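A.B. asks: Before I ask anything, here is the structure I am working with.
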Amino acid sequence: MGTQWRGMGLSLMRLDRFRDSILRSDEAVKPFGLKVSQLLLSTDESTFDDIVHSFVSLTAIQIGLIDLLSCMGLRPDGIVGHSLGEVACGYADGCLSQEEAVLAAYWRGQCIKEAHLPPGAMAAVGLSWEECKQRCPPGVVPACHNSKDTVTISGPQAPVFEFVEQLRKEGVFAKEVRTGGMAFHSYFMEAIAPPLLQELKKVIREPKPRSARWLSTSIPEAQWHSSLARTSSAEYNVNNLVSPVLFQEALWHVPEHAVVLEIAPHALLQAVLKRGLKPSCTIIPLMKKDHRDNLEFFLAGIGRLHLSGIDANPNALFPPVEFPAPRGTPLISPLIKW
């Protein structure tokens, strides 16, 4: 969450595959009155205020990007998610279908909206995970283990704000991310669990096994043999929504000399990956906020993928060119230099 910007994904709509994927997501989420394309097109800034639209559109854009990547043949070797994003990770790994993933995202948003819980702010602080948790005032818990250097804390609005101000008095890094006014992964989210569990059981019918490629971030490492971590059921989603995100813990498992692609409508976690991932790895955004035309940025990402040794054919993205080729096409033999 947190990487939703006005007009996200409009440039990619021109590509046939991405537009078809967005239409499929819309048809998936038709009964609830949400039209993904309509949400993307709306110009008013209010569209992203309601968390339902934000979550649904974010998941849809990630699914569309994964469809684009899979079109060229790129098969991921690993997968790491962050808060909501396991659903996108679920689809990328293959444990979930597009309809099921979009339904899960929308019902997460719906359940969270129904909560009507007291406002609780979640902000990031520059202190360390171990040190901060002791320093956390009662009722406030670290939000996400982004990295050793930077960690975010989520909790009740008043305690979070007071602690952030005191830390600023301490000079440490202070920032409250736009979280729709609701704290996340705290005991506050525990209220929404039952209805979410029942609705997701109604949504997901036949859970399927997880893969070794996927590295769950809602379950500590030692527990990867548990029943919840085995398959992506309602328990997996609830755990990913309740417990804090162990984003950094999964980065220690990234082998040296690896290509890391940020599947998101904004490479927010680029700094976290750069600092907490081994220097040998390369980071590629695949999309940026308020860029003039995101198709160029996606093509630049694919080009950097080409430069890094990973084969990817950009022909699949665009419509096929009919052969035989037109008479008079420039010769290719003279260009090959040895």
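Following the order of the structure tokens, first chain is A, next is B, and so on, with residues numbered from 1 inside each chain and ligands from 1 in the order they appear.
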Can you tell me, as a CSV table (one decimal) with N, CA and C atoms, in the first residue's frame, what residues are no more than 9 Å from residue 117 (chain A) when counting only C-alpha atoms, ignoring any on the same chain fewer than 3 positions away?
C.D. replies:
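The new file part-v6.csv reads:
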```
chain,number,residue,atom,x,y,z
A,112,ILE,N,-12.1,-3.6,5.7
A,112,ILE,CA,-11.4,-2.6,6.4
A,112,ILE,C,-12.3,-1.3,6.4
A,113,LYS,N,-13.0,-1.0,5.3
A,113,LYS,CA,-13.9,0.1,5.3
A,113,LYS,C,-15.0,0.0,6.4
A,114,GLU,N,-15.6,-1.2,6.5
A,114,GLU,CA,-16.7,-1.4,7.4
A,114,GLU,C,-16.2,-1.2,8.9
A,120,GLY,N,-6.0,5.7,13.7
A,120,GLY,CA,-4.7,5.3,14.2
A,120,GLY,C,-3.6,5.5,13.1
A,182,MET,N,-5.8,5.0,9.0
A,182,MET,CA,-5.9,3.7,9.7
A,182,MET,C,-4.6,3.1,9.9
A,188,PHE,N,-5.3,-3.2,16.2
A,188,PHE,CA,-6.6,-2.6,15.7
A,188,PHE,C,-7.2,-3.4,14.6
A,189,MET,N,-6.3,-4.0,13.7
A,189,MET,CA,-6.8,-4.8,12.6
A,189,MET,C,-7.4,-6.1,13.1
A,191,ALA,N,-9.8,-6.6,15.0
A,191,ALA,CA,-11.2,-6.5,15.1
A,191,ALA,C,-11.8,-7.1,13.8
```
A.B. asks: Per residue of region 72-186 of chain A within 12 Å of region 221-233 of chain A, note the shortest atom pair and the distance in Å to one decimal, counting only C-alpha atoms, and order the rows by chain and increasing residue number, as a tab-separated table.
C.D. replies:
```
residue	atom	partner	partner_atom	distance
A:86	CA	A:232	CA	9.3
A:87	CA	A:232	CA	9.0
A:88	CA	A:232	CA	12.0
A:89	CA	A:232	CA	10.6
A:90	CA	A:232	CA	7.6
A:91	CA	A:232	CA	10.5
A:93	CA	A:232	CA	10.9
A:94	CA	A:232	CA	10.6
A:95	CA	A:232	CA	7.1
A:96	CA	A:232	CA	8.0
A:97	CA	A:232	CA	11.5
A:100	CA	A:233	CA	11.1
A:101	CA	A:232	CA	10.7
A:104	CA	A:233	CA	10.3
```
A.B. asks: Within 9 Å of region 69-71 of chain A, counting only C-alpha atoms, which residues qualify if same-chain residues fewer than 6 places away don't, as a list in words?
C.D. replies: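 Final neighbour list, sorted by chain and number: residues 17, 92, 312, 313, 316 and 317 of chain A.
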A.B. asks: What would the file look like if the residues just selected were written as an mmCIF file, in the first residue's frame with C-alpha atoms?
C.D. replies:
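File selection37.cif, as written:
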```cif
data_model
loop_
_atom_site.group_PDB
_atom_site.id
_atom_site.type_symbol
_atom_site.label_atom_id
_atom_site.label_comp_id
_atom_site.auth_asym_id
_atom_site.auth_seq_id
_atom_site.Cartn_x
_atom_site.Cartn_y
_atom_site.Cartn_z
ATOM 1 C CA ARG A 17 -2.149 -6.941 -23.049
ATOM 2 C CA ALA A 92 2.636 -14.194 -9.895
ATOM 3 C CA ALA A 312 13.164 -10.711 -22.699
ATOM 4 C CA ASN A 313 11.541 -10.212 -26.096
ATOM 5 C CA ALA A 316 5.259 -9.831 -27.499
ATOM 6 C CA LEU A 317 4.185 -6.541 -25.912
#
```
A.B. asks: Give me the residues near residue 103 (chain A) as a short mmCIF file (atom, residue, chain, number, x, y, z; two decimals) with N, CA, C and O atoms, in the first residue's frame, where near means some atom within 7 Å (using only C-alpha atoms) and where sequence neighbours in that chain fewer than 3 positions away do not count.
C.D. replies:
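Just written: out-v7.cif:
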```cif
data_model
loop_
_atom_site.label_atom_id
_atom_site.label_comp_id
_atom_site.auth_asym_id
_atom_site.auth_seq_id
_atom_site.Cartn_x
_atom_site.Cartn_y
_atom_site.Cartn_z
N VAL A 29 -14.62 -7.75 -11.00
CA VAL A 29 -15.16 -6.95 -9.90
C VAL A 29 -16.42 -6.19 -10.32
O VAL A 29 -16.77 -5.19 -9.71
N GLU A 99 -9.21 -13.44 -11.04
CA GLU A 99 -10.50 -13.17 -10.42
C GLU A 99 -10.41 -13.31 -8.91
O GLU A 99 -10.87 -12.45 -8.16
N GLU A 100 -9.80 -14.41 -8.45
CA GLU A 100 -9.69 -14.64 -7.01
C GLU A 100 -8.84 -13.57 -6.34
O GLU A 100 -9.18 -13.10 -5.25
N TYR A 106 -10.42 -6.67 -3.09
CA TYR A 106 -11.60 -5.85 -2.89
C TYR A 106 -12.27 -6.15 -1.56
O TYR A 106 -12.77 -5.25 -0.89
N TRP A 107 -12.31 -7.43 -1.17
CA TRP A 107 -12.96 -7.76 0.09
C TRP A 107 -12.12 -7.35 1.29
O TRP A 107 -12.68 -6.99 2.33
N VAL A 203 -14.95 -16.42 -0.74
CA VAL A 203 -14.30 -16.01 -1.98
C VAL A 203 -13.40 -17.12 -2.51
O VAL A 203 -13.61 -17.64 -3.61
#
```
A.B. asks: Enumerate, as number ranges by chain, the complete set of residues in region 55-304 of chain A that a backbone-based DSSP assignment places in alpha helix (DSSP H).
C.D. replies: A: 55-71, 86-93, 98-115, 129-135, 157-170, 193-203, 234-242, 247-251, 270-276, 294-304
A.B. asks: Generate a file of the selected residues that holds C-alpha atoms, formatted as a JSON list (two decimals), in the first residue's frame.
C.D. replies:
```
[["chain", "number", "residue", "atom", "x", "y", "z"],
["A", 55, "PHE", "CA", -6.43, -1.44, -3.03],
["A", 56, "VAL", "CA", -8.39, -2.72, -6.02],
["A", 57, "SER", "CA", -6.55, -0.49, -8.49],
["A", 58, "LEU", "CA", -3.15, -1.29, -6.98],
["A", 59, "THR", "CA", -3.75, -5.04, -7.21],
["A", 60, "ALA", "CA", -5.13, -4.69, -10.74],
["A", 61, "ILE", "CA", -2.11, -2.71, -11.92],
["A", 62, "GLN", "CA", 0.28, -5.24, -10.38],
["A", 63, "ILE", "CA", -1.63, -8.08, -12.05],
["A", 64, "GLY", "CA", -1.44, -6.27, -15.38],
["A", 65, "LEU", "CA", 2.30, -5.73, -15.03],
["A", 66, "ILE", "CA", 2.81, -9.40, -14.13],
["A", 67, "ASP", "CA", 0.79, -10.37, -17.20],
["A", 68, "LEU", "CA", 3.03, -8.13, -19.31],
["A", 69, "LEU", "CA", 6.19, -9.70, -17.90],
["A", 70, "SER", "CA", 4.87, -13.25, -18.29],
["A", 71, "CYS", "CA", 4.02, -12.46, -21.92],
["A", 86, "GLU", "CA", 0.96, -11.15, -1.44],
["A", 87, "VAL", "CA", -2.21, -11.28, -3.53],
["A", 88, "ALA", "CA", -0.16, -9.94, -6.43],
["A", 89, "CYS", "CA", 2.61, -12.28, -5.29],
["A", 90, "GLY", "CA", 0.01, -15.04, -5.12],
["A", 91, "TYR", "CA", -0.98, -14.48, -8.74],
["A", 92, "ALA", "CA", 2.64, -14.19, -9.89],
["A", 93, "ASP", "CA", 3.60, -17.47, -8.22],
["A", 98, "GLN", "CA", -6.82, -13.08, -11.40],
["A", 99, "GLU", "CA", -10.50, -13.17, -10.42],
["A", 100, "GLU", "CA", -9.69, -14.64, -7.01],
["A", 101, "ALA", "CA", -6.86, -12.17, -6.38],
["A", 102, "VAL", "CA", -8.97, -9.15, -7.29],
["A", 103, "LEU", "CA", -11.83, -10.48, -5.16],
["A", 104, "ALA", "CA", -9.49, -10.92, -2.20],
["A", 105, "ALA", "CA", -8.14, -7.39, -2.60],
["A", 106, "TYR", "CA", -11.60, -5.85, -2.89],
["A", 107, "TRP", "CA", -12.96, -7.76, 0.09],
["A", 108, "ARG", "CA", -9.96, -6.76, 2.18],
["A", 109, "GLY", "CA", -10.78, -3.16, 1.30],
["A", 110, "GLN", "CA", -14.48, -3.66, 2.02],
["A", 111, "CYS", "CA", -13.89, -5.27, 5.41],
["A", 112, "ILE", "CA", -11.41, -2.56, 6.39],
["A", 113, "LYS", "CA", -13.89, 0.13, 5.35],
["A", 114, "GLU", "CA", -16.67, -1.43, 7.43],
["A", 115, "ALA", "CA", -14.44, -1.33, 10.52],
["A", 129, "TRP", "CA", 13.83, -2.70, 14.89],
["A", 130, "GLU", "CA", 15.22, -4.25, 18.07],
["A", 131, "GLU", "CA", 15.84, -0.93, 19.80],
["A", 132, "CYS", "CA", 12.59, 0.67, 18.64],
["A", 133, "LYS", "CA", 10.26, -2.08, 19.89],
["A", 134, "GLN", "CA", 11.50, -1.57, 23.44],
["A", 135, "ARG", "CA", 11.24, 2.19, 22.88],
["A", 157, "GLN", "CA", -2.92, 8.34, 16.32],
["A", 158, "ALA", "CA", -2.17, 10.20, 19.55],
["A", 159, "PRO", "CA", 0.61, 7.90, 20.87],
["A", 160, "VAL", "CA", 2.16, 7.61, 17.40],
["A", 161, "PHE", "CA", 2.22, 11.38, 16.92],
["A", 162, "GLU", "CA", 3.61, 12.02, 20.41],
["A", 163, "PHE", "CA", 6.35, 9.42, 19.95],
["A", 164, "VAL", "CA", 7.21, 10.81, 16.51],
["A", 165, "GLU", "CA", 7.52, 14.32, 17.94],
["A", 166, "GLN", "CA", 9.72, 13.07, 20.78],
["A", 167, "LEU", "CA", 11.90, 11.19, 18.29],
["A", 168, "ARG", "CA", 12.23, 14.37, 16.24],
["A", 169, "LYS", "CA", 13.40, 15.84, 19.53],
["A", 170, "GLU", "CA", 15.85, 12.92, 19.34],
["A", 193, "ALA", "CA", -10.59, -10.60, 11.32],
["A", 194, "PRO", "CA", -13.81, -12.67, 11.70],
["A", 195, "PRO", "CA", -15.90, -11.07, 8.95],
["A", 196, "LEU", "CA", -12.84, -11.00, 6.70],
["A", 197, "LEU", "CA", -12.23, -14.69, 7.37],
["A", 198, "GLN", "CA", -15.80, -15.69, 6.54],
["A", 199, "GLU", "CA", -15.96, -13.53, 3.41],
["A", 200, "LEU", "CA", -12.61, -14.76, 2.09],
["A", 201, "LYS", "CA", -13.72, -18.34, 2.73],
["A", 202, "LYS", "CA", -16.72, -17.49, 0.57],
["A", 203, "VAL", "CA", -14.30, -16.01, -1.98],
["A", 234, "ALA", "CA", -8.04, -17.06, 4.32],
["A", 235, "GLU", "CA", -5.57, -17.70, 7.15],
["A", 236, "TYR", "CA", -2.67, -16.55, 4.97],
["A", 237, "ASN", "CA", -4.44, -13.30, 4.08],
["A", 238, "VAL", "CA", -5.50, -12.62, 7.67],
["A", 239, "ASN", "CA", -1.96, -13.22, 8.92],
["A", 240, "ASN", "CA", -0.54, -10.95, 6.22],
["A", 241, "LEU", "CA", -3.03, -8.32, 7.41],
["A", 242, "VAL", "CA", -2.44, -8.71, 11.17],
["A", 247, "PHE", "CA", 10.28, -7.36, 4.49],
["A", 248, "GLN", "CA", 13.97, -7.18, 5.43],
["A", 249, "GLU", "CA", 14.09, -10.77, 6.67],
["A", 250, "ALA", "CA", 13.34, -12.01, 3.15],
["A", 251, "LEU", "CA", 16.10, -9.86, 1.62],
["A", 270, "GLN", "CA", 13.55, 1.12, -4.10],
["A", 271, "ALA", "CA", 15.57, 2.67, -1.26],
["A", 272, "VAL", "CA", 14.78, -0.22, 1.09],
["A", 273, "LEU", "CA", 15.91, -2.75, -1.52],
["A", 274, "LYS", "CA", 19.03, -0.73, -2.32],
["A", 275, "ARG", "CA", 20.11, -0.48, 1.31],
["A", 276, "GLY", "CA", 19.03, -3.89, 2.62],
["A", 294, "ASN", "CA", 5.07, 5.35, -18.27],
["A", 295, "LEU", "CA", 5.32, 3.14, -21.36],
["A", 296, "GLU", "CA", 8.76, 4.62, -22.02],
["A", 297, "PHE", "CA", 9.77, 3.85, -18.44],
["A", 298, "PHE", "CA", 8.54, 0.26, -18.77],
["A", 299, "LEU", "CA", 10.50, -0.14, -22.00],
["A", 300, "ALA", "CA", 13.58, 1.31, -20.28],
["A", 301, "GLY", "CA", 13.15, -1.26, -17.52],
["A", 302, "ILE", "CA", 12.93, -4.04, -20.10],
["A", 303, "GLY", "CA", 16.06, -2.66, -21.76],
["A", 304, "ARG", "CA", 17.93, -2.72, -18.47]]
```
A.B. asks: So what do you get for CA of residue 20 (chain A) versus CA of residue 315 (chain A), distance-wise?
C.D. replies: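 Value for the CA of residue 20 (chain A)-CA of residue 315 (chain A) distance: 17.0 Å.
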A.B. asks: Please provide the set of residues having any atom within 7 Å of residue 79 (chain A), restricted to only C-alpha atoms, with same-chain residues fewer than 5 positions apart removed, written as a list in words.
C.D. replies: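 Here the answer would be residues 89, 213, 214 and 215 of chain A.
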